[PDB]
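Below is one structure, written out as structure tokens, with a few remarks after it.
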RNA sequence: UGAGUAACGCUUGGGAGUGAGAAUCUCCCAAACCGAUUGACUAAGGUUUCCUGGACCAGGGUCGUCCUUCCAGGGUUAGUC
RNA sequence: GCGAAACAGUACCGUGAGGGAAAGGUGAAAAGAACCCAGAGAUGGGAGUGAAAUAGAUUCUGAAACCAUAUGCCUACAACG
Ligand SMILES: [Mg+2]
Ligand SMILES: [Mg+2]
Ligand SMILES: [Mg+2]
Ligand SMILES: [Mg+2]
Ligand SMILES: [Mg+2]
Ligand SMILES: [Mg+2]
Ligand SMILES: [Mg+2]
Ligand SMILES: [Mg+2]
Ligand SMILES: [Mg+2]
Ligand SMILES: [Mg+2]
Ligand SMILES: [Mg+2]
Ligand SMILES: [Mg+2]
Ligand SMILES: [Mg+2]
Ligand SMILES: [Mg+2]
Ligand SMILES: [Mg+2]
Ligand SMILES: [Mg+2]
Ligand SMILES: [Mg+2]
Ligand SMILES: [Mg+2]
Ligand SMILES: [Mg+2]
Ligand SMILES: [Mg+2]
Ligand SMILES: [Mg+2]
Ligand SMILES: [Mg+2]
Ligand SMILES: [Zn+2]
């Protein structure tokens, strides 16, 4: 639900889209 | 062989006087009204009364 | 000993691929003049668990921002791949 | 939306201009047209 | 009352653009659009966009009727060029000049627009003669 | 010492704004400028940019802020005097506190 | 055909390198001249 | 000026799709050449030119939504080579 | 004017010694043009700021050569520094 919505685009520095960490999406882009 | 004398600004245009282009004949489609180049299907695929291609 | 030879951890797809699946592999960036033994000693004095093995990478500097009004070169990095034993997983942040 | 550029350097029309060194190291040789 | 639209650094050369501009000068709006939409030339899908933008800002910005507009003047002035080196044979080299054109289109609603421009020139000439006589009047007075 | 500090009342003596009273909010010594509230109001055409958590909204329309003003146009404002007037200041050093204090030259008013 | 310059690190470095230039008076004078001209690329050792 | 002239430096057709725009981009089906090689591994050299996503100022002898171009991120693990 | 008013002994040329450029000026203040229209967009036309926008970042003034448009006159049996 919320984590699916927050995994779309919003590419993190060292990563790409698609394989966004299932648990780590709240540190850099907080 | 190369020109020993430079060509003025009048002879160049005299030669170019025959380089003009001609406007191609256009017609109106009988199903949508837009002007289309003669003897050809409009953008809607309607040539005369024959459905030729799918709409654009 | 002084522990200035452990500069910085890095998290990429390769890093997260290793940091999962039984044996964990943690990749840091270290002092380019440091040796493998120094890397093991620094991890000893700051973490406490003996590494199973250490691998080192040298990435040469290259031109960046080419064509930009002022072009610039990269920075020399030495990468170190620590691997802790089976079943142990310590946190890089939080001590 | 989300169309913005907060970086200190950002441009799509990158400034560049090609230059010419006028390299014209041309020469020539002899000939069969020698009237001696 | 002239409405206009402009375009700097058009990739087409002015020489190859003047051939298309002469097919639309003096033409009605719809006929000019119709003529320019079916000509197999590169400089036809760019003059069309400028013409469409010019009609739009004529009936929206300057406020004209739209059924009296005719293409007053559409020209492609010479723009800045850019120089590159083509490598020739036997070590020589030449300079290729990729040409650009500054295109400008002007449309009017009044079919007598030339008279006002000559009138303004005439207005300028009259002021010229007027300045001399007043200067002349001052000299005898002193 | 300095002619203008952060806080003292100041007015403008030349330009379009004449007799413009305000309070100096900030002083740039390097550029010889001074931000005075209520004066020299400019309205930047505030665009919209969305690349940050705060930039997601960044509601900015016709915000009128303060533009810095050259220190030459500023003049200290007298307050203690019954008839307030615009004058120049000294840099006397009172031996009571050994601290430098500004005093007007058309009166005997401190600061 | 074989053009004049066939690049090689070792030949370039052993002929025009800093150590090759710092072994004779003539080489020292050339580097001295390059310091006078304040060339950023003093020798072929630096890229 | 020559002059919009010479030239554009060995390789085809179609279907579907993207796109504002497709002979040139993506996929598919064929077709034609290489096959002691246009196949595969490396030395030397080159020094990121490698992978992903985006862009089409500039360069690509045309075009371009595409590129060995540009932007951002990432990529090279040795006691036995 | 020092080669170098700008990040010049740089870019670049050569194996090397060596050789070696061009490029300054918005506005008093970015107040650097929100918004609308056309366009895919750049961009253009309005609006707005400004004394001035034909001062708009292509940013002091803008000459000629050069390239186009037009009022008026002449020119398609004519041997022309
Ligand atoms: Mg002419
Ligand atoms: Mg001809
Ligand atoms: Mg190794
Ligand atoms: Mg010439
Ligand atoms: Mg020509
Ligand atoms: Mg010919
Ligand atoms: Mg021919
Ligand atoms: Mg040909
Ligand atoms: Mg070819
Ligand atoms: Mg072919
Ligand atoms: Mg091969
Ligand atoms: Mg590169
Ligand atoms: Mg690739
Ligand atoms: Mg791509
Ligand atoms: Mg092209
Ligand atoms: Mg092993
Ligand atoms: Mg304007
Ligand atoms: Mg100017
Ligand atoms: Mg006659
Ligand atoms: Mg006769
Ligand atoms: Mg005779
Ligand atoms: Mg005669
Ligand atoms: Zn139709």
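With Kirkwood's inverse mean 1/r over C-alpha pairs for Rh, give me the Rg to Rh ratio of chain B, two decimals please.
Working: Rg = 22.0 Å, Rh = 15.1 Å.
So for chain B, dividing Rg by the Kirkwood Rh gives 1.46.
Treating chain C as a set of equal point scatterers at the Cα positions, no solvent, please give the Debye-formula log₁₀ I(q)/I(0) at q = 0.11, 0.16 Å⁻¹. Each listed q maps to, in turn, -0.38, -0.70. Mind telling me which of F:63, F:12, F:24 comes out most flexible in a GNM of chain F, alpha-carbon contacts under 10 Å? Among F:63, F:12, F:24, the largest mean-square fluctuation in the Gaussian network model of chain F belongs to F:63.
The simple spin-label model puts a point 7 Å past each Cα toward its Cβ; for residue E:129 and residue G:33 those points are separated by 7.7 nm. With contributions of -39500 (n - 2.57) from each DSSP H run of at least four residues, the per-residue ellipticity at 222 nm computed over the protein assembly as shown stands at -6000 deg cm²/dmol. Rounded to the nearest 10 degrees, the angle from helix G:25-36 to the longest Cα principal axis of chain G is 70 degrees. Among E:82, E:64, E:95, the largest mean-square fluctuation in a Gaussian network model of chain E (Cα springs under 10 Å) belongs to E:95.
With N residues in chain E, what two-decimal value do you get for its Cα radius of gyration over 2.2 N^0.38 Å?
Values: Rg = 22.1 Å, N = 142, 2.2 N^0.38 = 14.5 Å.
Scaled against compact globular proteins, the figure is 1.53.
Footprinting exposure proxy ranking of F:36, C:29, fewest other C-beta atoms within 10 angstrom first, gives C:29, F:36.
All C-alpha pair distances within the protein assembly as shown, sorted into 10 Å bins from zero, spread as 3, 8, 9, 11, 14, 18, 16, 12, 6, 2, 0, 0 percent across the bins. By the Cα gyration tensor, the stretch E:94-142 has an equivalent ellipsoid whose semi-axes, rounded to whole angstrom, run 43, 23, 6 from largest to smallest. The long axis of helix E:113-141 is offset from the longest Cα principal axis of chain E by roughly 40 degrees.
Shape descriptor for chain F: Rg over Rh equals 1.13 (Cα atoms; Rh from the Kirkwood inverse mean 1/r). Site pair residue C:3 and residue G:26 shows an inter-label distance of 5.8 nm when each label is modelled 7 Å from Cα along Cα→Cβ. Compared with the rule-of-thumb size 2.2 N^0.38 Å for a compact globular protein, the stretch E:36-106 has a Cα radius of gyration ratio of 1.68.
Under 16 Å from a label point set 7 Å out along the Cα-to-Cβ vector of residue E:94, the amide N atoms of the stretch B:1-45 belong to B:1-3. Treating the angle as unsigned and between 0 and 90°, give the value, to the nearest 10°, between the Cα long axis of helix C:36-46 and the longest Cα principal axis of chain C. So the helix axis and the longest Cα principal axis differ by about 60 degrees. Comparing C:50, C:24, C:60 in a Gaussian network model of chain C where C-alpha atoms under 10 Å apart are linked, the largest mean-square fluctuation is found at C:60.
For chain G, what does the alpha-carbon gyration tensor say about shape, rounded, prolate or oblate, given a ≥ b ≥ c as the root eigenvalues, a/c under 1.5 as rounded, and a/b over b/c as prolate? Can you show the working numbers first?
Values: a/c = 2.36, a/b = 1.81, b/c = 1.31.
Prolate.
Measuring r between the beta carbons of residue F:50 and residue E:16 and using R0 = 45 Å, the FRET efficiency lands at 0.60.
Laboratory data are not the source of any read-out in this text; all were calculated from the coordinates shown. Quick reminder, even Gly has a Cβ in these numbers, built from the backbone with ideal geometry, and neighbours come from all protein chains shown.
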